[PDB]
Structures are given as C-alpha cells and as structure tokens.
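Where a number appears in this text, it was derived from the coordinates with a stated rule and is not lab data. All Cβ positions, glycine included, derive from the backbone under ideal geometry; neighbour counts span all protein chains shown.
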Amino acid sequence: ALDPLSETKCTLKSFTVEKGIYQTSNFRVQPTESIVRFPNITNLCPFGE
Amino acid sequence: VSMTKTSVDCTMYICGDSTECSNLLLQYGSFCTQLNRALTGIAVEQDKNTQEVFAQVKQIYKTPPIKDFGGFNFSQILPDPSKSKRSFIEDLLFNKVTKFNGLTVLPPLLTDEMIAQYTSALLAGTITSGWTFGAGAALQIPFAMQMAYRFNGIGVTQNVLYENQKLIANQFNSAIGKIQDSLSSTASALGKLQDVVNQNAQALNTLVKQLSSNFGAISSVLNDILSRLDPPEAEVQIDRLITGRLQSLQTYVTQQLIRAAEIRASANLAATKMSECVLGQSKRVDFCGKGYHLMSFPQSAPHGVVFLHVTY
Amino acid sequence: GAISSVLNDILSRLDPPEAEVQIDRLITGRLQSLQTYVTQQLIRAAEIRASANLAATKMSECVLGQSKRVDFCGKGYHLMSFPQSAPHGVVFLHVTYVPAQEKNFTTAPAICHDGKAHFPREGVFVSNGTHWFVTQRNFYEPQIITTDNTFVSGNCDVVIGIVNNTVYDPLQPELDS
Amino acid sequence: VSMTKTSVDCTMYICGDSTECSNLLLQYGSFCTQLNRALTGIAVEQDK
Amino acid sequence: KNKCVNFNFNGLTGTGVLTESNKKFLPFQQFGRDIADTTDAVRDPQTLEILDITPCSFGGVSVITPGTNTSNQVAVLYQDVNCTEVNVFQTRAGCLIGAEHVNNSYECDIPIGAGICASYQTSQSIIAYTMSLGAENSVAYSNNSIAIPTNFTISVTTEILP
Amino acid sequence: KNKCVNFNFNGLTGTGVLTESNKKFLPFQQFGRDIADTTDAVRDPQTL
C-alpha cells in the first residue's frame, strides 16, 4: 500500500516488474453521509385520546 | 475481429459492499484472483486480434486529389472528408448495430476512427500502389494497369480489360451500388456481427441477473442475511451466495474463453484474408467471396471488418 | 470454507461424521480447482493446436515448397523458409523478396506500331522520357519492345489512353540480311 | 464436419419428475436455462 | 447529490449517487428498475419529484509503469471515472494521473486504451500520446507513371509459433 | 533416513523420505513449508 509501483509488485508477486499495465486494486468512492428519505411521516395514531 | 472488452471484479460481484462476505471469500484463495487474470488476459487478446487484422500496413497512405482511377468510383468506400472519417458504406455498417455492479467495460486500443484510418490506408494503397505496399515499399502504378495484372493473375489476358474498360468500370460501380442499397434495405447482412453482440450481451445479462438469485439462501441480498440472521447462520447462507455466484463467474469466464476461441479463429481468418486477399492476390477458390479473385476492399465495422471481394 | 486447508489436519482432529463435513468442502473446492485448471488447459490446448496447425500449415507451404500466399510467410514475396527448433515450439526464417531502391517511370497501357494495339506478354511498358522499354513488376531491366515480348489484340481505337511507339520486329533485319 | 446434436434437458437431468427439486433448482437462477441456450447454440452450429 | 452515498428510502435501501433528471415516474409506484433489474431512478418519498439514481463511481486501479530496471516512476488510471472523484489528465478510458499529455503522436509502447499509449521518454518521464498508426506518406499517383524497383534486398523475417 | 516412512512431529503428519538438505533453519524457525504451504522440512524436538 505504499505507492502504485509497489501495488503492482504484490499484484504480480515479484519485486521486478516488466513494462506494462496491471490492474492492482479497485477504485470506489466510499459513503460519508446518509441521504435517508421518508414520506413526511405525520398524522400518528390517536394515542393522545 | 474482436469482442467487447470486459473486466468483472471477482470481489465486487461476489461481495458487493460487504466486509464479512470478503472474509469468507478469502477462504477460497486464488480462485477469485484467477478469474480476474483470465478476463484480463482475454481483453488483451482482443486488442491483438485488431492489430493482427488491421495493423498490417506500415505507413499511413492517403488518397490523392486525382480521383481518376479509370472510371472506378470508390466514393462509397473512401472516407468522407467532411465527417468520424467513415465512408458511405462504413456509415451503413455502424448504424445497423446497437454498469458499475461489478462489471467494467474496458475500451479497445484502436478506435473506430483509427480502425477507419487503417482501412483508408489499406484502401489508398490498394487503389494507388496495388499490392506492392504490403510486400515492400509502396510502388505507385495506374489502377488500369493494376487491373491488368489482376486479370493476368486469373488467366485472362490484359487485352480483355482494356477492350471492356468502360463496361468493367460500370459493372464495378453498379455492384457497389447494390451493396449500398442492400445494406440500407435490410440489416440481415450484418447478422454475424449482431450475433457477437448478442453472445456478449446475453453473457452480461445472465451475469447481472444471477446476483438476484438466492442459490439456496434466505435472500439474494447480503445485507438481509447479515442483518436478519445471526453470524453463524450467515456463515452458511452467505457461503451459498458465494459458491453460487462463483459458478456464475466461472461460467461467464468459461464462456468468454470459449467465445475467445471463436473470435480468435475468425480474427485469424480475417487477418488471413487481410494479409492474403486484401494485401495480395489469391488463387484459392471461394477464399475471396465467389469467383476468380480480382481484388478486395476492406471496410471497418463495429467490432469487426467487412471485405468487398471483387471477383471475375 | 473448511475449518482447515490441510486434509491430514482435519483427519487427525475431527471425528468421521464431523470430518466428512469439512473434508467435503475441500473436495468440492479442490475439485472445482481442477475443473478450472482442466478447463483452461483444454481451451488453451485448442489455441496451441490452432497455432500448431498454423505452424504445420506454414511449414509445409513455405519450407517444403514455395507459398504464393501474400504476406503469409513473412513480409514480401516469399522465396523460401528455414525452420529452427525451439523449446516447445518452432521458429521460421522466412526469406522474402523486398525492393530497396525505387525509381519512377512513364508508362502506358499499350503502344501502337501500325494502328494495332500491342500489349505486354510478361511485365509492363515503361519509359525514361524519350524511349519506351519492357520491364517486369519486380525489377527494372529495360528491354526493347519487340514482337516476342508484346502481344497484339484489338486496335488502337478501343484502348483508352494508348500511346504510339515503334516495335522492333526480329524478322525485319533478318530478311534484310 | 459435425457432431452429435445433443439437446439435453437441464431440468429433467437435474430433477427427474420431482417438484421439490425443481423449486430448489429455480434458486440457482438461469444456470439451467443458460446450459440449454449453450446446448441450443452448439446444436445449430453443427448445421452451419 | 453528486456523491456516492448510502440511502434508505421508504421502499428500498443500498448505495448510489443521487441525481436529478427529466425522467418520468408513475405516482402509484415507489422505485424503478433497469433492464437487468438493477437499481434505477426512484420516486422521492417526499413531494412528487423523480430521483435519478446514478451508480457509484467504480473502476480499476490500472497502474502504468515501465520496467523497474529503467525507472521507478509510475502513473495511475482510474477506469471509467473522471478526475472529479478524487500529471492529472482526463483520458477517454479514465482519469490518468502521473503522465504528461503530448500532442505529438508516437509509436504505441504501453497500450492503455481508446487510442492512447504511454512511454518513458523526455529528464525522461511517463508521457501520454495518441497511438500512431504509421508515418504519413502520400504516395504520388497518376495514369502515366509507375514505380519499378531498381534494386532489392533479401530480408529474413523471424516468425515464432508454439 | 533414506526410507519412505510416515512422519509425525508434534501433529505434523505426513509421509516422505528423510534426509539432510542445505536448508539453513534459523534458531527461531521450527519447521518449513513448501510453496503449497505444506510441511517439507521439520526440526527434531528431542535433540536439535
């Protein structure tokens, strides 16, 4: 996890890496805050009665 | 010539945003990674297919301003300078043919414009230099004199050509016109390329649909198992989704490698017919269309190539 | 998914009714590993067999004889081939005829001697700006246009772009001599 | 040139006259149908 | 909006990117699905607006690197994502970070995709350029000129097959 | 040594031929495994 160069070394399992392109890991934007939605929950049961 | 490059993430397909799932998936070891190396290897081979087929010319040859080729009108196959740079026929070929759930559609190395430039380079060399540019350096020669060698290659004396120079040019132009009308009248001619799209599309359609299957689990969703059931109950149910979805990857990878053999044989055939029929003359019967081979004009197509085998 | 990856570890630890549950997971996994390996080897075998047929096809056509297939055995007009053994394969040395030096010449589809159209028998007509000569498509050897090197057919009215020239008749100096 | 066209029923092979088996077989998704499509594709290819 | 985030609406949950578009929606339904039964645009549980569910930014870390004996400099290309999700240059395949865009076309040494390749050149560094399809050579052509070779060179072409 | 026999060194079960190789075991290294993560060399617990 040092740098993209080392990412290829653990992907190929070799200190020496030849010229080329190697898909080491996967890119993915992780969540940070929920955008939860509800349909304006109101008009509850008549428990006040 | 080639298929749609795809790279299916073995970890995201089996375990879509699930850490506990990956802990069980790692118990299998390299079975996950080997599937990624397989699809990665095939996608590189698809580029090699386009290279061995299309990238057969060394220099980029251009069409000269003198459009007088002895009455042979190549306007339907030469690239449109105003439009990407495709000919009228190539436009018909690309118009008659039609995300992040673990699938990654990779683009090809050669683009439609670049593949079109190879066909224009091959077409320009075929019209201007005959077949000397494929053998060695491009040696210019009049197209009327080129055709004389073509007729002589099939036992017909060159006097037959010049005796019917206008009629031969009219027969050629009319035949190309029928292909323009044929490709625009019906799309059944490109059924071969459409089948390649269907095989790749149905493979991806099946790939995505298997994610919604239970495979013996209480639910196809990973969060439902981890949330509803206990951890030790999830270890069995999540394993059913892992073992089940891994077969979908193994089936998809197995089918792609099988289709990789079909497209490779077709790519070698196209490369054989581009190296032999387009960049040269062939005495092989039924190797260039039907009849005694005169010449072949290549035309780009979606994930493929089209040969216009001119025959006597 | 098993409790341990070593078969002997499960055999030495768990009872038969408990070991068979975990051993079956290794068998199901190790079996699938061979099914994947054998599937790839079976598929890759067809790939190498296709290349082997190509090597056998290339060898017989280009080593045992002369292949007229353009750009099939090396770039250029194939002359001969010398195969060389390699580890688990073969390497061909495709000898091809390739031009190096080129020069432009004025040409024509035919020439006119006495109204009749004279076409070349083997090669094409060229010109250095002043005189016309005969030469082949693969090399420049200007030979004098003669009846033995040109064929008569039709006339000089039907041919498009035809020119005029003098044909050397070998019978002329022999009848005069 | 051609092979023996073998259209093996994916359902009858796995589940021979068993309704309980078939309901469990549906849980595997379209592996049954995909094998039939493969056995259908291989069959017509021999005719080609 | 415009960010990969978790959600839990009245009818379903998951992870996705919230966007807005002119997509229609039947008021008598809650959520929509795509051709492959994947999560598509859904109805807002609140006042009737159509929420366009765009999938989360996802790709692959395609590391461009020359041989280690040549240099340790490398470049990264995040597949099918723009640079706004994180030397920087937006390519057709993705956001290429760690390569200089060169308009001059050169021979393809490290094929990337979509007509782009890389090479370790000038001090030397990983550069990005369009794949060259050959040298531009406009061959002269006329109805009264032909090129005949005056000399030739016998070349031996090495072919390898397993 | 030099005989096909069944080994058991503190649970390290297996079968093979015993011999002295060039493996340089460190003081803390108890037993080695091959590329398959299978025990290919051990150390005698009784006498080093």
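Sort out for me the strands (runs of 3 or more DSSP E) sitting completely within region E:25-125 that have 1 or more residues that are within 14 Å of chain A (Cβ to nearest Cβ).
Numbers: elements: E:31-33, E:39-43, E:50-54, E:61-65, E:75-79, E:88-90, E:94-97, E:116-121.
So the answer is E:31-33, E:39-43, E:50-54, E:61-65, E:75-79, E:94-97, E:116-121.
Take the conditions (1) closer than 30 Å to E:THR15 by Cα; (2) more than 8 Å from chain E (Cβ to nearest Cβ); (3) touching a strand residue (DSSP E or B) at 6+ places or on another chain (Cβ under 9 Å); B:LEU106 misses just one of them, which is (2). Tell me which of these E:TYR78 doesn't satisfy, since it passes every other one: (1) over 11 Å from the mean Cα position of the chain (by Cα); (2) of a type in the set (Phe, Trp, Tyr); (3) closer than 24 Å to B:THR40 by Cα. Result: E:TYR78 fails condition (1) only.
Which ones in region E:126-157 are in a strand (DSSP E or B), among the hydroxyl-bearing types (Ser, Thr, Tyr) and either surrounded by 14 or more Cβ atoms within 10 Å (Cβ to Cβ) or away from chain C (no Cβ under 11 Å) (or both)? Even if it seems obvious, please write down each step before you answer.
At the first step, the residues of region E:126-157 found to be in a strand (DSSP E or B) are E:126-131, E:136, E:145-157.
Narrowing further to those that are among the hydroxyl-bearing types (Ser, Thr, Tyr): E:129-130, E:145, E:150, E:153, E:155, E:157.
Those that are in a strand (DSSP E or B), among the hydroxyl-bearing types (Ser, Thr, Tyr) and either surrounded by 14 or more Cβ atoms within 10 Å (Cβ to Cβ) or away from chain C (no Cβ under 11 Å) (or both): E:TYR129, E:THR130, E:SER145, E:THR150, E:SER155, E:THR157.
Residues in region C:63-97 that are in contact with a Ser or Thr (Cβ under 6 Å, 6 or more places away or on another chain), within 24 Å of C:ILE48 (Cβ to Cβ) and within 13 Å of chain B (Cβ to nearest Cβ): C:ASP71, C:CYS73, C:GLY74, C:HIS94. Scanning region D:1-44 for residues that are crowded, with 16+ Cβ neighbours inside 10 Å, within 11 Å of chain B (Cβ to nearest Cβ) and either farther than 19 Å from B:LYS209 by Cα or among the polar types (S, T, N, Q) (or both) yields D:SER30, D:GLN34. Among the residues of region B:109-127, is there at least one that is farther than 14 Å from B:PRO298 by Cβ, crowded, with 20+ Cβ neighbours inside 10 Å and more than 7 Å from every other protein chain (Cβ to nearest Cβ)? For region B:109-127, residues farther than 14 Å from B:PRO298 by Cβ, crowded, with 20+ Cβ neighbours inside 10 Å and more than 7 Å from every other protein chain (Cβ to nearest Cβ): absent.
Looking for whichever is surrounded by 14 or more Cβ atoms within 10 Å (Cβ to Cβ) and within 30 Å of C:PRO120 (Cα to Cα) here; the options are B:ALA175, B:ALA169, B:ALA203. Which one fits? Within the list B:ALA175, B:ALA169, B:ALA203, the selection yields B:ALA169.
If the condition is being under 30 Å from E:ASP37 (Cβ atoms) and over 28 Å from the mean Cα position of the chain (by Cα), then region B:166-217 contributes B:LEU211, B:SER212, B:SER213, B:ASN214, B:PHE215, B:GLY216, B:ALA217.
In region A:26-49, the residues that are within 7 Å of chain E (Cβ to nearest Cβ) reach residues that are loosely packed, with under 10 Cβ neighbours inside 10 Å with C-beta atoms within less than 9 angstrom, at least six apart or across chains, in these pairs: A:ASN40/E:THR47. Checked against (1) closer than 16 Å to B:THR157 by Cβ; (2) buried (at least 17 other Cβ atoms within 10 Å of the Cβ), C:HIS113 passes all but a single condition, namely (1).
With a cut-off of at least 2 residues that are within 30 Å of B:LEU103 (Cβ to Cβ), name the helices (runs of 4 or more DSSP H) lying wholly within region B:119-219. Steps first, please.
Working: elements: B:132-135, B:143-152, B:158-163, B:165-185, B:191-209.
The qualifying helices (runs of 4 or more DSSP H) are B:191-209.
If I filter region B:148-166 down to residues being of a type in the set (A, V, I, L, M) and within 11 Å of chain C (Cβ to nearest Cβ), which single residue comes out as surrounded by the fewest Cβ atoms within 10 Å (Cβ to Cβ)?
Applying the first criterion (of a type in the set (A, V, I, L, M)) to region B:148-166 yields B:148, B:154, B:156, B:160-161.
Checking which are within 11 Å of chain C (Cβ to nearest Cβ) leaves us with B:148, B:160-161.
Values: B:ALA148: 24, B:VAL160: 17, B:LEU161: 22.
Among those residues, the one meeting the criterion is B:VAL160.
Checked against (1) more than 10 Å from chain B (Cβ to nearest Cβ); (2) over 20 Å from B:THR251 (Cβ atoms), C:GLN41 passes all but a single condition, namely (2).
Could you list, in sequence order, the residues of region C:98-118 that are at the interface with another protein chain (Cβ under 8 Å from one of its Cβ atoms) and more than 22 Å from the chain's Cα centre (by Cα)? Matches in region C:98-118: C:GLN101, C:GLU102, C:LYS103, C:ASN104, C:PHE105, C:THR106, C:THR107, C:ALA108, C:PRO109, C:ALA110, C:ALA117. The single residue among E:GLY98, E:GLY94, E:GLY115 that is in contact with a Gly (Cβ under 7 Å, 6 or more places away or on another chain) and not β-branched (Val, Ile, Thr) turns out to be E:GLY94. For region C:1-58, a residue qualifies if it is β-branched (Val, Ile, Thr) and part of a helix (DSSP H, G or I), and the qualifying residues are C:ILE10, C:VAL21, C:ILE23, C:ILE27, C:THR28, C:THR36, C:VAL38, C:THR39, C:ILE43, C:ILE48, C:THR57.
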